[PDB]
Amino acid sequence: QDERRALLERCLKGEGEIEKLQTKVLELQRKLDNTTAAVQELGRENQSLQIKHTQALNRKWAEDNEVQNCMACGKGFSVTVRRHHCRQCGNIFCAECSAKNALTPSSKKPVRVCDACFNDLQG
């Protein structure tokens, strides 16, 4: 009589704690999936950055004969299509791929830079 009246309580209360726990689990799962996806994107991004920073440090003024085409548009050099350098990356380009001058740490007066390095300086 009162025996089953209390067992139902224990049971009903249990089948209820379960439903709650299960919900908490689907919850933490999604949040885990969410944060896991982000920490992985950070791992890739950190390797991407360290690598680019490294490549930016090796930068050196290129030797003319080593570059036969504009490092930006691929145009070939000749007597009519002369060489120019970017004071930022040290690469060689035609005049149309280095028509802009910018303020760099190498000179007080703006110097020649390629389009890529120009936009990097944020201006």
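Numbering starts at 1 and runs along the sequence shown.
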- State which stretch shows the higher mean Cα B factor in the entry: 5 to 13 or 110 to 118. 5 to 13
- Message: Tell me which stretch, 84 to 92 or 39 to 47, has the higher mean Cα B-factor listed in the entry.
- Response: 39 to 47
- Note on the structure: The third of the chain into which the C-alpha temperature factor of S78 falls is the middle
- Note on the structure: Chain thirds by Cα B factor, record data; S98 belongs to the lowest
- Task: Could you look up the Cα B-factor of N65 in the entry and say which third of the chain it sits in: lowest, middle or highest?
- Result: middle
